[PDB]
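For reference, the structure is listed below as structure tokens.
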Amino acid sequence: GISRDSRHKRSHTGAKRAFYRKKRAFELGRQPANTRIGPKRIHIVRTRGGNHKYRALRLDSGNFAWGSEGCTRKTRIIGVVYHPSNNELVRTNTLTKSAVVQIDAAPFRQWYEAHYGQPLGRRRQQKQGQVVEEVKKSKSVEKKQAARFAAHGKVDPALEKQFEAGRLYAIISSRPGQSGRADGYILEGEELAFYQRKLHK
Amino acid sequence: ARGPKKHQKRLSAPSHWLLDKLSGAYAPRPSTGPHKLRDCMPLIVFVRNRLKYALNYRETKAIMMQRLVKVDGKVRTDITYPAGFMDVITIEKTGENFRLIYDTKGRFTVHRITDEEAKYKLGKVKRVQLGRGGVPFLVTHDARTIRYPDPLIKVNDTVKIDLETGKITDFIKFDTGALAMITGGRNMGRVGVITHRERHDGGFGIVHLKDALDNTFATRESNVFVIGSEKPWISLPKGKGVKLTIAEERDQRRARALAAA
Amino acid sequence: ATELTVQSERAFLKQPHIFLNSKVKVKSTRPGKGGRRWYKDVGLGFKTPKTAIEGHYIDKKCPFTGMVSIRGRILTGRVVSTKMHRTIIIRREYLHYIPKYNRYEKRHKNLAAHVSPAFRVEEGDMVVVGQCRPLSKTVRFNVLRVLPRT
RNA sequence: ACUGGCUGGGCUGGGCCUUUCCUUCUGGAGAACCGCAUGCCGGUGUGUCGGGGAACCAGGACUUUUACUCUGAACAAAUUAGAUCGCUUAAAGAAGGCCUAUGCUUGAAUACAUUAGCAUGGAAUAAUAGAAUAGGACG
RNA sequence: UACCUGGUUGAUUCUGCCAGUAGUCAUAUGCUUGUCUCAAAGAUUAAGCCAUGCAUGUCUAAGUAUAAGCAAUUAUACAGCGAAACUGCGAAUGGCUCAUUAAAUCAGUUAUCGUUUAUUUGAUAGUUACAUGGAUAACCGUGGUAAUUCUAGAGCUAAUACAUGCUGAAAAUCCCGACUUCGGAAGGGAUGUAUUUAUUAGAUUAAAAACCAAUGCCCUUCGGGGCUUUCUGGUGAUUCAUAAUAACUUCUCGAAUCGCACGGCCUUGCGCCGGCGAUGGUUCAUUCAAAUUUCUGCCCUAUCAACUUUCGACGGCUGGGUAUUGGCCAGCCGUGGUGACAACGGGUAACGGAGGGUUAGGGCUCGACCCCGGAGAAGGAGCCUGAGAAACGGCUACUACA
RNA sequence: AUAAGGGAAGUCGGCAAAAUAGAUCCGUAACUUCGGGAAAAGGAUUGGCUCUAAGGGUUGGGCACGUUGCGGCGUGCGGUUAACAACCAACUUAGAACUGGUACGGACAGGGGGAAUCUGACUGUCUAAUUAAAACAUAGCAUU
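Residue numbers (the deposited numbering), protein chains in the order written: chain SI, 2 to 202; chain SE, 2 to 262; chain SL, 2 to 151.
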């Protein structure tokens with residue numbers, strides 16, 4: 002099958018090498034697996050030494066970690082929006098490492114409400130359709146919560162706007178073809194300005 | 002070549018086994034174990050070729066099946082078991098104990114030892130580091146790993162092993178003025194006192210020794226084995242590794258012959 | 002070296018595992034711990050140049066501020082070509098001995114090495130290189146020191 | 001065959017003064033030359049005594065760069081040269097020997113390869129570098 | 001043993017070749033042939049074609065026994081030896097040959113801080129239970145085809161085959177907090193290991209202060225004088241060894257297995273405890289290794305002088321794939337790389353080396369062949385099982401023979 | 001205008017008809033007056049639809065004074081935006097996915113080719129109404 006040896010190449014002086022031996026059991030290659038967004042589907046493969054790898058064909062959710070806060074929550078992926086290598090990766094909605102995606106922001110907002118006693122990204126006040134309040138069943142929590150809010154600080158405006166729509170930008174940092182999992186982190190700071198400028202221009 | 006080898010050709014066996022080039026085509030091919038294949042002492046070679054207790058291959062394994070012979074206090078039942086430096090071989094039925102140690106000519110020799118000395122060993126340390134759970138451990142030159150060692154012990158030193166409970170009881174630092182025995186190279190079997198050591202960054206440091214007769218020699222660090230500060234802990238064989246020249250050997254040989262007869 | 006911009010590519014260039022977005026500000030002397038530039042010491046009596054520690058360039062193959070370790074032979078030669086990007090060609094000369102005629106003859110070989118943006122290398126200068134892991138089809142050495150010009 | 005001597009004549013080597021002699025700091029243990037009092041037949045262990053570190057060991061910094069030669073390390077068995085033992089001699093082999101032993105004892109050496117690579121001493125011969133628009137050395 | 005002689009002329013001295021002389025672990029052939037020690041042998045031309053036979057199987061006290069098996073008669077679950085058959089392991093080692101191959105194989109010398117590793121050796125893992133569920137082989141019996149180590153449908157029964165599954169401990173750490181007197185607290189959850197991502201620790205190695213913010217405290221005459229301070233391994237060199245926090249997974253492992261001994265307690269219950277082995281099992285270390293990799297070194301030829309990038313030729317970046325590095329592969333972007341110190345191409349009656357023959361010294365020539373490394377099983381490609389194969393006394397397809 | 005199987009067996013003679021044909025990318029011999037032969041010979045691609053990338057123009061640039069109905073000039077300087085922002089405008093070239101009764105220069109338009117002999121060097125001209133050629137002319141050479 003596919004081989005990854007250097008015998009078939011051409012020497013650095015331009016000379017053409019001659020046939021040496023037949024193909025070996027090692028130096029083989031395998032067919033690439035193109036991950037897609039959809040219902041979960043994974044195949045097992047028996048690799049060298051009796052170990053195993055996990056081919057991911059279709060995935061829809063994975064771990065994403067918030068850097069500054071330090072929370073990791075499982076959520077779903079909406080779609081692929083950018084890829085530095087090839088445009089066809091974006092159009093097909095096929096995801097690999099270092100692919101910018103959009104994820105659901107619901108699990109992360111809820112944790113912020115419980116940890117800090119302040120609302121995050123709520124412009125539905127004009128409509129006030131879903132406004133609701135539940136009585137807080139303690140008074141020591143304000144001493145605990147106000148200490149946290151006054152110490153850590155506030156979110157920057159760039160990340161706050163995304164919370165209004167409910168969609169957040171992230172980068173896949175895993176290798177789905179090898180480990181069968183799509184994992185990444187929420188991108189923020191100077192790295193946010195680089196991709197946002199590139200995304201729409 | 003499509004897998005691992007399982008045969009050993011005669012004329013390719015280690016030289017220090019002293020095997021005749023005739024009478025067969027193959028060699029014992031020592032099995033895998035704690036010691037390297039190149040420098041090991043297969044049990045069949047010791048029992049049959051040196052002690053001459055067993056006549057041939059067939060009767061060598063008849064003895065082993067009865068669990069008569071043991072090494073380091075545990076019985077071994079495979080004829081091609083790799084024994085090595087400092088190992089203690091005990092045969093209770095005949096009633097003597099052996100220690101494997103080089104002579105001045107670079108080969109293993111028979112060496113009787115007393116019962117009191119046959120209950121301890123000593124070995125060079127290979128590495129020290131932290132294991133799983135933060136528990137410190139070290140490994141010796143014969144693949145013995147022991148947890149919770151003395152924090153003062155570092156690499157290249159030697160430690161005395163109980164050999165009954167496998168616990169360290171005292172150790173010797175690796176420094177100038179120690180008494181050492183060489184384990185590899187052309188200076189195999191010599192005994193000397195470390196004079197000074199020179200190190201080269203990038204590997205292969207060398208140490209300078211001095212014999213009892215004011216002779217001088219050098220070797221790589223990987224071949225020096227400290228066995229004591231003074232009055233070596235183990236019992237050295239006859240000759241103490243002094244490496245007489247060829248001129249003196251024939252003078253002593255005839256002097257010994259005429260003195261006896 | 003002369004580099005116009007640090008971020009001039011499709012992706013975002015950054016040192017791995019160097020966290021850059023921390024709410025609290027803490028000043029520390031350690032290179033990589035606080036969030037500032039990371040660097041190491043090669044050893045073998047080789048001193049880190051000043052340009053490496055205070056520079057802003059990003060390189061994953063440089064022996065300084067990089068993920069390559071130097072181990073093996075150390076060689077010397079003279080540079081003959083500097084017309085690629087971050088790569089140079091050095092020339093080594095020696096004498097081979099012919100036993101029958103009891104005299105020598107001249108011979109030479111050509112070598113390829115990786116040059117970091119920390120150094121500035123021109124043609125006809127002597128350099129010292131060190132072995133590393135395969136970085137390309139024909140690159141297995143890394144530049145370490147540039148000897149002063151006459 | 002042993003021993004001493006020659007103001008013995010030679011060969012190889014190590015110390016000082018001649019304008020030259022030999023980098024440097026830290027630590028280790030500790031001598032020589034010195035007195036202190038205590039004791040024998042003008043020398044000495046004296047002691048956690050002190051003026052004191054010849055040499056040595058460990059660690060750091062400094063030193064124009066190649067060729068050449070000397071000594072080491074590392075590197076295969078067989079083969080070549082070569083030591084030992086009357087297989088009835090020999091080509092071979094690695095064996096054997098001692099009174100008599102219900103035992104003792106020994107051998108299986110050494111040199112060579114030779115190109116390339118790693119250390120050490122030497123500093124003749126053959127190349128190379130340095131202060132001239134001082135961009136030079138020192139405190 | 002550092003050696004020479006015959007031949008041009010009527011005769012002479014030279015250059016110069018022809019012929020003579022000796023060896024060969026170097027093959028053939030002719031004539032002849034009593035004994036002792038040792039025993040090479042279808043390599044050269046055809047890596048051309050093959051009838052017939054053999055060359056790989058394996059059981060201990062210890063995986064599964066209702067043999068209409070034998071043998072005894074201490075075993076009413078079984079109990080001695082034990083065909084057959086399931087299960088486990090090996091068959092990837094040996095043995096043969098020299099077709100291809102001119103920086104390729106190979107030699108001496110380095111690296112793996114760039115990876116996999118059956119087996120051996122030494123350590124090492126607290127989260128119905130007096131014992132869980134369905135099949136199948138051997139066997140009985142009924143059949144098909146001229147034909148093979150081809151196989152059909154019907155009826156029984158096992159596991160160390162296959163598939164499930166049980167906090168027996170505390171402490172400590174981190175979150176939510178029912179409930180106030182605002183200064184801490186009822187009680188609630190998580191916390192072995194493997195897998196994947198993000199974050200934190202992993203210290204230095206000369207010393208003296210004086211300020212702001214504000215709190216463990218000792219003593220105390222209440223004016224306060226104040227405040228000594230606990231760990232941290234390794235390399236020439238790392239994001240190393242190791243540890244902590246938030247989560248994740250068609251997701252692991254942490255013993256429903258077997259043999260010998262016949263013991264000790266009292267609440268005498270078909271109750272509790274207890275020894276030595278066999279076979280397995282997660283991680284680290286070791287052994288036999290394997291794959292890549294640094295430096296230098298190969299015969300003749302110029303009537304072979306310029307070569308490489310159609311459709312990677314040299315380098316940069318993001319990924320894919322692999323046990324891992326890598327232009328090994330996919331996109332985007334630069335214009336490079338070797339050469340008179342002989343590149344590129346053509347020849348080889350060419351596997352490389354240790355080494356053989358012949359000798360003053362210097363050399364010339366041979367090496368298919370008992371030792372080491374590489375390749376192949378009529379010519380090409382593809383693949384299954386497995387720790388390990390691109391295997392041919394393993395499978396699939398084409399071409400040529402049969 | 002079209003024809004099964006054969007494909008010049010017809011005839012003085014392949015006379016008439018058929019076959020090839022646009023554009024883009026590969027490939028190309030003997031011979032030679034070194035300019036040619038050459039479109040040599042011989043191969044591949046071609047619709048519809050939804051997308052991506054590349055090739056341009058114009059106007060704006062910091063202070064410090066004086067004139068003027070938020071500013072046009074007079075200047076005195078400094079700086080080279082590690083090239084940003086707004087607006088405007090036609091076509092030409094390259095690449096990917098999907099789709100069909102495998103079709104796509106869909107009509108029109110549109111070269112058959114190769115190995116040789118005889119003869120005139122070439123372009124050019126003539127028997128209007130049966131002969132367009134090897135005939136005439138030509139540059140070059142020589143003579144009076």
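Each residue gets a CB set at the ideal place from its N, CA and C atoms; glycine is no exception.
Residue range of the alpha helix (DSSP H) that includes residue i
i, result
"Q197 (chain SI)", "191-200"
"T52 (chain SL)", "51-55"
"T177 (chain SE)", "Element bounds for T177 (chain SE): n/a, residue is neither H nor E."
Cutoff 8 angstroms; reference residue i; Cβ partners in own chain excluding five residues on either side
i, result
"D42 (chain SL)", "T49"
"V102 (chain SI)", "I78, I79, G80, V81, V82, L96, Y170, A171, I172, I173, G185"
C-alpha distance - residue i paired with residue j, whole-angstrom precision
i, j, result
"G132 (chain SE)", "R100 (chain SE)", "32 angstroms"
"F218 (chain SE)", "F226 (chain SE)", "15 angstroms"
"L20 (chain SE)", "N50 (chain SE)", "9 angstroms"
"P5 (chain SE)", "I78 (chain SI)", "50 angstroms"
"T48 (chain SI)", "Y55 (chain SI)", "10 angstroms"
"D163 (chain SE)", "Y121 (chain SE)", "5 angstroms"
"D73 (chain SE)", "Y103 (chain SE)", "18 angstroms"
"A159 (chain SI)", "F65 (chain SL)", "35 angstroms"
"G131 (chain SL)", "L112 (chain SL)", "12 angstroms"
"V81 (chain SI)", "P108 (chain SI)", "20 angstroms"
"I147 (chain SE)", "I169 (chain SE)", "9 angstroms"
"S223 (chain SE)", "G73 (chain SL)", "19 angstroms"
"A19 (chain SI)", "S7 (chain SI)", "12 angstroms"
"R11 (chain SE)", "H36 (chain SE)", "21 angstroms"
Within-7 angstroms CB hit, residue i to chain SI
i, result
"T139 (chain SL)", "yes"
"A12 (chain SL)", "yes"
"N22 (chain SL)", "yes"
6 angstroms Cβ shell around residue i - same chain, five flanking residues per side excluded
i, result
"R108 (chain SE)", "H17"
"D40 (chain SE)", "none"
Residue-level contact to chain SL via CB, residue i, 7 angstroms cutoff
i, result
"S12 (chain SI)", "no"
"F20 (chain SI)", "no"
"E192 (chain SI)", "yes"
"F109 (chain SI)", "no"
"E165 (chain SI)", "no"
"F195 (chain SI)", "yes"
"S69 (chain SI)", "yes"
"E161 (chain SI)", "no"
"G30 (chain SI)", "no"
Run of the beta strand (DSSP E) containing residue i, from where it starts to where it stops
i, result
"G167 (chain SE)", "Premise fails: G167 (chain SE) is in no beta strand (DSSP E) and is neither H nor E."
"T146 (chain SE)", "146-148"
"residue 1 (chain SL)", "The shown model of chain SL, from 2 to 151, leaves out residue 1 (chain SL), and the question about it has no answer."
"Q111 (chain SI)", "From DSSP, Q111 (chain SI) is part of no beta strand (DSSP E) but of the alpha helix (DSSP H) over 107-116."
"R128 (chain SE)", "122-131"
"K211 (chain SE)", "207-211"
Other residues of its chain near residue i: CB distance less than 7 angstroms, five sequence neighbours each side excluded
i, result
"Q146 (chain SI)", "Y117, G118"
Three or more beta-carbon pairs under 8 angstroms between the segment 78-96 of chain SE and the segment 27-35 of chain SE, yes or no? yes
If you pair each beta-carbon of the segment 33-41 of chain SL with each one of the segment 95-102 of chain SL, do three or more pairs fall below 8 angstroms? no
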